[PDB]
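**Q** A single structure is presented below for examination.
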Amino acid sequence: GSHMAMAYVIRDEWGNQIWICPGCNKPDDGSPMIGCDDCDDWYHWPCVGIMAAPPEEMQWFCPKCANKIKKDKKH
Ligand SMILES: [Zn+2]
Ligand SMILES: [Zn+2]
């Protein structure tokens with residue numbers, strides 16, 4: 001069973017998922033959020049360095065999944 005990943009998850013007033021971006025360790029405190037192409041969860045703009053909304057054709061990966069890209073990407 002998952003012992004971890006129980007946190008970084010808060011419920012909103014309406015019951016929405018408050019994502020705690022594992023990049024900064026902040027929840028949505030009122031920022032624009034961006035989701036990964038490999039993972040399901042959402043990160044924030046300042047954490048990853050988003051200047052403006054990136055293309056959808058582009059596959060965007062957080063510092064976590066960028067590390068999966070690693071160096072040697074085969075995609
Ligand atoms: Zn963040
Ligand atoms: Zn990711």
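In the structure tokens, chains take letters A, B, ... by order of appearance, with residues numbered from 1 within each chain and ligands from 1 in the order shown.
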Using only C-alpha atoms and all ligand atoms, which residues have at least one atom no more than 9 Å from ligand 1? Output them as a PyMOL selection string.
**A** chain A and resi 19-28+31+33+42-48
**Q** Next, dump the selected residues to file, keeping only N, CA, C and O atoms, as an mmCIF file, in the first residue's frame.
**A**
```cif
data_model
loop_
_atom_site.group_PDB
_atom_site.id
_atom_site.type_symbol
_atom_site.label_atom_id
_atom_site.label_comp_id
_atom_site.auth_asym_id
_atom_site.auth_seq_id
_atom_site.Cartn_x
_atom_site.Cartn_y
_atom_site.Cartn_z
ATOM 1 N N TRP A 19 -2.933 20.538 -5.034
ATOM 2 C CA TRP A 19 -1.689 19.907 -5.327
ATOM 3 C C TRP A 19 -0.585 20.653 -4.656
ATOM 4 O O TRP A 19 -0.535 21.895 -4.707
ATOM 5 N N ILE A 20 0.244 19.942 -3.981
ATOM 6 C CA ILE A 20 1.429 20.510 -3.469
ATOM 7 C C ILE A 20 2.542 20.121 -4.387
ATOM 8 O O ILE A 20 2.954 18.963 -4.425
ATOM 9 N N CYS A 21 2.936 21.086 -5.173
ATOM 10 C CA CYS A 21 3.970 20.976 -6.153
ATOM 11 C C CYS A 21 5.239 20.471 -5.480
ATOM 12 O O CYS A 21 5.831 21.174 -4.661
ATOM 13 N N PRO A 22 5.681 19.244 -5.798
ATOM 14 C CA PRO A 22 6.866 18.666 -5.179
ATOM 15 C C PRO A 22 8.156 19.330 -5.666
ATOM 16 O O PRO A 22 9.261 18.912 -5.314
ATOM 17 N N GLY A 23 8.005 20.344 -6.490
ATOM 18 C CA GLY A 23 9.123 21.089 -6.948
ATOM 19 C C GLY A 23 9.513 22.153 -5.949
ATOM 20 O O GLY A 23 10.694 22.412 -5.737
ATOM 21 N N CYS A 24 8.528 22.751 -5.303
ATOM 22 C CA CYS A 24 8.780 23.819 -4.352
ATOM 23 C C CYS A 24 8.379 23.403 -2.939
ATOM 24 O O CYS A 24 8.935 23.909 -1.941
ATOM 25 N N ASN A 25 7.405 22.493 -2.886
ATOM 26 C CA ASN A 25 6.759 21.986 -1.675
ATOM 27 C C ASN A 25 5.664 22.952 -1.212
ATOM 28 O O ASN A 25 5.283 22.973 -0.042
ATOM 29 N N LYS A 26 5.151 23.738 -2.153
ATOM 30 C CA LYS A 26 4.014 24.637 -1.923
ATOM 31 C C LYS A 26 2.728 24.062 -2.505
ATOM 32 O O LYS A 26 2.743 23.427 -3.560
ATOM 33 N N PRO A 27 1.612 24.295 -1.829
ATOM 34 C CA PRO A 27 0.283 24.044 -2.376
ATOM 35 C C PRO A 27 -0.096 25.214 -3.283
ATOM 36 O O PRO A 27 0.671 26.183 -3.399
ATOM 37 N N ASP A 28 -1.211 25.136 -3.975
ATOM 38 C CA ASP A 28 -1.658 26.309 -4.718
ATOM 39 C C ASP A 28 -2.101 27.387 -3.770
ATOM 40 O O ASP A 28 -3.175 27.309 -3.169
ATOM 41 N N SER A 31 -1.459 30.641 -7.499
ATOM 42 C CA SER A 31 -0.530 30.762 -8.561
ATOM 43 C C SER A 31 -1.055 29.998 -9.791
ATOM 44 O O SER A 31 -2.002 29.195 -9.675
ATOM 45 N N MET A 33 -0.778 27.119 -12.461
ATOM 46 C CA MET A 33 -0.221 25.813 -12.325
ATOM 47 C C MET A 33 -0.058 25.154 -13.669
ATOM 48 O O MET A 33 -0.780 25.461 -14.613
ATOM 49 N N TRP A 42 0.018 18.466 -10.757
ATOM 50 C CA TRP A 42 0.289 19.805 -11.231
ATOM 51 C C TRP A 42 1.323 20.525 -10.381
ATOM 52 O O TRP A 42 1.360 20.380 -9.159
ATOM 53 N N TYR A 43 2.144 21.287 -11.053
ATOM 54 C CA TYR A 43 3.206 22.078 -10.471
ATOM 55 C C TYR A 43 2.866 23.539 -10.648
ATOM 56 O O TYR A 43 1.827 23.860 -11.197
ATOM 57 N N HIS A 44 3.726 24.419 -10.220
ATOM 58 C CA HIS A 44 3.481 25.857 -10.374
ATOM 59 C C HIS A 44 4.446 26.434 -11.381
ATOM 60 O O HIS A 44 5.489 25.852 -11.652
ATOM 61 N N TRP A 45 4.096 27.582 -11.911
ATOM 62 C CA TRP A 45 4.937 28.312 -12.860
ATOM 63 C C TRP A 45 6.329 28.724 -12.317
ATOM 64 O O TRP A 45 7.337 28.391 -12.942
ATOM 65 N N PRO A 46 6.428 29.439 -11.157
ATOM 66 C CA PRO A 46 7.729 29.921 -10.633
ATOM 67 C C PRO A 46 8.717 28.802 -10.284
ATOM 68 O O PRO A 46 9.938 28.996 -10.343
ATOM 69 N N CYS A 47 8.195 27.642 -9.961
ATOM 70 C CA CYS A 47 8.993 26.515 -9.530
ATOM 71 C C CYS A 47 9.833 25.949 -10.667
ATOM 72 O O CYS A 47 10.980 25.517 -10.483
ATOM 73 N N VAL A 48 9.256 25.961 -11.818
ATOM 74 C CA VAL A 48 9.852 25.368 -12.977
ATOM 75 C C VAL A 48 10.361 26.438 -13.952
ATOM 76 O O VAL A 48 11.169 26.152 -14.838
#
```
**Q** Give me, as a list in words, the set of residues whose atoms come within 12 Å of any atom of ligand 2, counting only C-alpha atoms and all ligand atoms.
**A** residues 21, 22, 23, 34, 35, 36, 37, 38, 39, 40, 41, 42, 43, 48, 59, 60, 61, 62, 63, 64, 65, 66, 67, 68 and 69 of chain A
**Q** Pick out each residue of chain A that DSSP on the backbone tags as strand (DSSP E or B); I need them as a compact mmCIF listing (two decimals) with N, CA and C atoms, in the first residue's frame.
**A**
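Output file part.txt follows:
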```txt
# COMPACT_ATOMS: atom_id res chain seq x y z
N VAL A 9 -1.18 16.58 -0.80
CA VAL A 9 -2.52 16.48 -1.26
C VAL A 9 -3.42 17.04 -0.20
N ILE A 10 -4.06 18.12 -0.51
CA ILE A 10 -5.01 18.73 0.39
C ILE A 10 -6.32 18.85 -0.36
N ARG A 11 -7.41 18.88 0.33
CA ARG A 11 -8.67 19.08 -0.30
C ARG A 11 -9.09 20.51 -0.18
N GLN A 17 -8.67 19.06 -5.76
CA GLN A 17 -7.39 18.63 -5.28
C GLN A 17 -6.43 19.77 -5.23
N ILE A 18 -5.94 20.01 -4.08
CA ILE A 18 -4.91 20.97 -3.90
C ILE A 18 -3.62 20.24 -4.01
N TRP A 19 -2.93 20.54 -5.03
CA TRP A 19 -1.69 19.91 -5.33
C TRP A 19 -0.58 20.65 -4.66
N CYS A 21 2.94 21.09 -5.17
CA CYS A 21 3.97 20.98 -6.15
C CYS A 21 5.24 20.47 -5.48
N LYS A 26 5.15 23.74 -2.15
CA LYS A 26 4.01 24.64 -1.92
C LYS A 26 2.73 24.06 -2.50
N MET A 33 -0.78 27.12 -12.46
CA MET A 33 -0.22 25.81 -12.32
C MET A 33 -0.06 25.15 -13.67
N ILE A 34 0.89 24.27 -13.75
CA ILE A 34 1.20 23.58 -14.97
C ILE A 34 1.36 22.08 -14.68
N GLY A 35 0.77 21.24 -15.49
CA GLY A 35 0.84 19.80 -15.27
C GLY A 35 1.89 19.15 -16.13
N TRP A 42 0.02 18.47 -10.76
CA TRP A 42 0.29 19.80 -11.23
C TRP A 42 1.32 20.53 -10.38
N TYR A 43 2.14 21.29 -11.05
CA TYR A 43 3.21 22.08 -10.47
C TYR A 43 2.87 23.54 -10.65
N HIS A 44 3.73 24.42 -10.22
CA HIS A 44 3.48 25.86 -10.37
C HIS A 44 4.45 26.43 -11.38
```
**Q** Between atom CA of residue 29 of chain A and atom CA of residue 12 of chain A, what distance in Å does the model show, to one decimal?
**A**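 Rounded to one decimal, the two atoms are 11.2 Å apart.
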**Q** Out of chain A, which residues get alpha helix (DSSP H) from DSSP, as a list in words?
**A**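 DSSP on the backbone gives alpha helix (DSSP H) at residues 45, 46, 47, 48, 66, 67, 68 and 69 of chain A.
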**Q** Quick one: write out the picked residues with N, CA, C and O atoms as an mmCIF file, in the first residue's frame?
**A**
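Output file again07.cif follows:
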```cif
data_model
loop_
_atom_site.group_PDB
_atom_site.id
_atom_site.type_symbol
_atom_site.label_atom_id
_atom_site.label_comp_id
_atom_site.auth_asym_id
_atom_site.auth_seq_id
_atom_site.Cartn_x
_atom_site.Cartn_y
_atom_site.Cartn_z
ATOM 1 N N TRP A 45 4.096 27.582 -11.911
ATOM 2 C CA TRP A 45 4.937 28.312 -12.860
ATOM 3 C C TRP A 45 6.329 28.724 -12.317
ATOM 4 O O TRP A 45 7.337 28.391 -12.942
ATOM 5 N N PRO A 46 6.428 29.439 -11.157
ATOM 6 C CA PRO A 46 7.729 29.921 -10.633
ATOM 7 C C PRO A 46 8.717 28.802 -10.284
ATOM 8 O O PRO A 46 9.938 28.996 -10.343
ATOM 9 N N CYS A 47 8.195 27.642 -9.961
ATOM 10 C CA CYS A 47 8.993 26.515 -9.530
ATOM 11 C C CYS A 47 9.833 25.949 -10.667
ATOM 12 O O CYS A 47 10.980 25.517 -10.483
ATOM 13 N N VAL A 48 9.256 25.961 -11.818
ATOM 14 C CA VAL A 48 9.852 25.368 -12.977
ATOM 15 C C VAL A 48 10.361 26.438 -13.952
ATOM 16 O O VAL A 48 11.169 26.152 -14.838
ATOM 17 N N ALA A 66 11.873 15.427 -15.906
ATOM 18 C CA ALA A 66 12.999 15.901 -16.704
ATOM 19 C C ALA A 66 14.213 15.062 -16.373
ATOM 20 O O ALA A 66 15.096 14.830 -17.196
ATOM 21 N N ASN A 67 14.240 14.623 -15.152
ATOM 22 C CA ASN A 67 15.255 13.743 -14.648
ATOM 23 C C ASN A 67 15.058 12.324 -15.203
ATOM 24 O O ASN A 67 15.996 11.547 -15.296
ATOM 25 N N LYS A 68 13.836 12.025 -15.606
ATOM 26 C CA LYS A 68 13.526 10.771 -16.314
ATOM 27 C C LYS A 68 14.043 10.877 -17.748
ATOM 28 O O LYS A 68 14.486 9.888 -18.338
ATOM 29 N N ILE A 69 13.934 12.088 -18.317
ATOM 30 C CA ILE A 69 14.530 12.414 -19.626
ATOM 31 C C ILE A 69 16.035 12.216 -19.476
ATOM 32 O O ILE A 69 16.709 11.649 -20.344
#
```
**Q** How many Å separate atom CA of residue 14 of chain A from atom CA of residue 30 of chain A?
**A**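 Distance between the two atoms: 15.6 Å.
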